[PDB]
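Report on the structure given below.
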Amino acid sequence: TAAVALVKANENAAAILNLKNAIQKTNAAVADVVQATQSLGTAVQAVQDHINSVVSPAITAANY
Amino acid sequence: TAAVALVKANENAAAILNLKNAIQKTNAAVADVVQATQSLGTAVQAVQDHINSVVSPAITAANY
Amino acid sequence: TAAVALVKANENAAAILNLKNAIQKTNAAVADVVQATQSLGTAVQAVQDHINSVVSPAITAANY
Amino acid sequence: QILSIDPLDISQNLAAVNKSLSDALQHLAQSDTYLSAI
Amino acid sequence: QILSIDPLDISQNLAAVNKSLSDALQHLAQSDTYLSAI
Amino acid sequence: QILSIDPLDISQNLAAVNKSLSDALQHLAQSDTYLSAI
Ligand SMILES: [Cl-]
Ligand SMILES: [Cl-]
């Protein structure tokens with residue numbers, strides 16, 4: 001009946017708004033992980049750069 | 001008509017439950033990535049610590 | 001009434017399709033982050049391997 | 001004299017990583033709260 | 001004598017990273033399965 | 001002679017990381033577009 005369909009429709013509309021808010025928060029979480037990954041990648045490049053520019057030259061130098 | 005609205009409402013309610021389960025799994029996936037990121041960050045700190053506490057002192061020492 | 005329930009049902013069905021597409025894109029984003037994490041983990045293993053196989057032996061060698 | 005070796009410092013990048021991951025977990029908790037309202 | 005150099009070992013952290021990423025992909029597959037039911 | 005030290009090169013892995021993260025952000029933008037249609 002119409003009464004049943006309408007209550008279900010209202011319940012579903014409310015659930016849809018919660019799903020939308022949930023995905024928005026999930027997307028925000030993923031964006032945070034992307035930022036973390038970028039920061040970590042930057043740190044790893046710094047590690048590579050330190051090894052090649054400071055550590056390596058110093059090892060060779062330690063021979064003379 | 002009421003018959004059409006009710007079938008649609010039931011279809012939508014079933015879809016909503018699938019969407020909820022999907023997001024729950026997506027959230028679980030993100031949590032897994034967060035754990036992976038943390039483990040990797042821990043490894044990178046260990047790399048930094050090894051370079052500064054073991055490698056660097058040993059290079060200087062290799063000169064004497 | 002049936003008219004109200006049907007309009008709501010149609011609005012909800014359209015929203016559900018958008019939610020499904022949204023989660024699909026979110027999942028794609030997470031998969032991208034997983035690939036980034038794997039690439040970074042591979043780089044970190046390469047860093048460890050370089051330190052142990054090239055850097056360390058060279059430091060010891062610099063003493064002789 | 002010999003050349004000194006500057007200590008590598010990526011502590012700030014690492015701190016940023018951990019803060020971002022904490023924010024991610026907070027957001028996931030909020031997402032789950034909305035899902036529970038269903 | 002000279003001081004020996006202990007080999008860096010982050011193999012366990014790396015293994016944990018790969019296991020977590022595998023779990024993430026499994027969860028994404030499950031999420032997609034639910035979406036396909038729509 | 002003494003043994004030379006090969007420069008570590010993980011530039012390709014790092015480039016792949018940044019490209020993947022860019023793709024992730026693009027996908028999140030698309031997800032948000034669908035959500036806004038609601
Ligand atoms: Cl990561
Ligand atoms: Cl409905």
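Every chain in the structure tokens takes a letter, A first, then B, and so on in the order presented; its residues are numbered from 1, and the ligands are numbered from 1 following the presented order.
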Distance limit 10 Å, atoms considered: only C-alpha atoms. Which chain B residues sit that close to chain D? Return them as a PyMOL selection string. chain B and resi 16-17+19-21+23-24+26-28+30-31+33-35+37-38+41-42+44-45+48-49+51-53+56-57+59-60+63
Who sits within 8 Å of range 11-15 of chain B, only C-alpha atoms, same chain under 4 positions skipped, as a PyMOL selection string: (chain A and resi 8+12) or (chain B and resi 7+19) or (chain C and resi 9+12-13+16) or (chain E and resi 37-38)
Output C-alpha atoms of each residue in that selection to a file, as a JSON list (two decimals), in the first residue's frame.
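This went into result.json:
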[["chain", "number", "residue", "atom", "x", "y", "z"],
["A", 8, "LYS", "CA", 10.11, 2.75, 3.27],
["A", 12, "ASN", "CA", 15.66, 4.87, 2.49],
["B", 7, "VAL", "CA", 8.67, -2.63, -5.52],
["B", 19, "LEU", "CA", 26.09, -0.11, -0.36],
["C", 9, "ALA", "CA", 11.51, 6.14, -4.79],
["C", 12, "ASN", "CA", 16.31, 7.47, -4.14],
["C", 13, "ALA", "CA", 17.04, 5.07, -7.02],
["C", 16, "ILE", "CA", 21.73, 4.98, -5.15],
["E", 37, "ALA", "CA", 24.77, -6.95, -6.36],
["E", 38, "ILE", "CA", 23.19, -3.62, -7.29]]
Over all C-alpha pairs taken in sequence order, what does chain C look like after a least-squares fit onto chain B? Please give it as a tab-separated table (two decimals) with C-alpha atoms, in the first residue's frame.
chain	number	residue	atom	x	y	z
C	1	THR	CA	0.82	3.53	-8.34
C	2	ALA	CA	1.45	2.05	-4.89
C	3	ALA	CA	2.55	-1.29	-6.35
C	4	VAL	CA	5.28	0.37	-8.40
C	5	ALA	CA	6.44	2.56	-5.52
C	6	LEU	CA	6.65	-0.42	-3.16
C	7	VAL	CA	8.67	-2.63	-5.52
C	8	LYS	CA	11.06	0.27	-6.08
C	9	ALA	CA	11.28	0.89	-2.33
C	10	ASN	CA	12.13	-2.75	-1.69
C	11	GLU	CA	14.72	-2.76	-4.48
C	12	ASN	CA	16.23	0.41	-3.06
C	13	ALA	CA	16.31	-0.94	0.51
C	14	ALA	CA	18.18	-4.03	-0.69
C	15	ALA	CA	20.63	-1.86	-2.65
C	16	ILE	CA	21.19	0.33	0.40
C	17	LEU	CA	22.23	-2.70	2.44
C	18	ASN	CA	24.70	-3.66	-0.28
C	19	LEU	CA	26.09	-0.11	-0.36
C	20	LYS	CA	26.52	-0.18	3.41
C	21	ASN	CA	28.37	-3.51	3.23
C	22	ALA	CA	30.50	-2.21	0.35
C	23	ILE	CA	31.60	0.91	2.26
C	24	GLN	CA	32.34	-1.23	5.33
C	25	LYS	CA	34.71	-3.34	3.21
C	26	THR	CA	36.22	-0.21	1.64
C	27	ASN	CA	36.83	1.22	5.12
C	28	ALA	CA	38.47	-2.06	6.12
C	29	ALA	CA	40.72	-1.77	3.06
C	30	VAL	CA	41.72	1.78	4.01
C	31	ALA	CA	42.50	0.65	7.58
C	32	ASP	CA	44.77	-2.04	6.09
C	33	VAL	CA	46.57	0.60	4.03
C	34	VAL	CA	46.99	2.73	7.14
C	35	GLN	CA	48.62	-0.24	8.89
C	36	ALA	CA	50.89	-0.80	5.88
C	37	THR	CA	51.87	2.88	5.87
C	38	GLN	CA	52.69	2.78	9.58
C	39	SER	CA	54.84	-0.33	9.13
C	40	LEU	CA	56.66	1.34	6.24
C	41	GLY	CA	57.17	4.53	8.24
C	42	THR	CA	58.63	2.45	11.06
C	43	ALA	CA	61.01	0.79	8.59
C	44	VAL	CA	62.08	4.19	7.25
C	45	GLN	CA	62.82	5.47	10.76
C	46	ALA	CA	64.92	2.33	11.28
C	47	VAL	CA	66.82	3.16	8.10
C	48	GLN	CA	67.49	6.72	9.29
C	49	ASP	CA	68.57	5.44	12.71
C	50	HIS	CA	70.94	2.88	11.21
C	51	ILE	CA	72.57	5.45	8.95
C	52	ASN	CA	73.09	7.91	11.80
C	53	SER	CA	74.05	5.50	14.57
C	54	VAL	CA	76.01	2.79	12.76
C	55	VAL	CA	76.98	3.86	9.25
C	56	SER	CA	78.07	7.44	9.92
C	57	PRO	CA	80.24	6.69	12.99
C	58	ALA	CA	81.87	3.80	11.09
C	59	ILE	CA	82.77	6.02	8.12
C	60	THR	CA	84.49	8.56	10.35
C	61	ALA	CA	86.23	5.69	12.15
C	62	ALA	CA	87.50	4.28	8.84
C	63	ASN	CA	89.78	7.34	8.61
C	64	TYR	CA	91.83	6.41	11.67
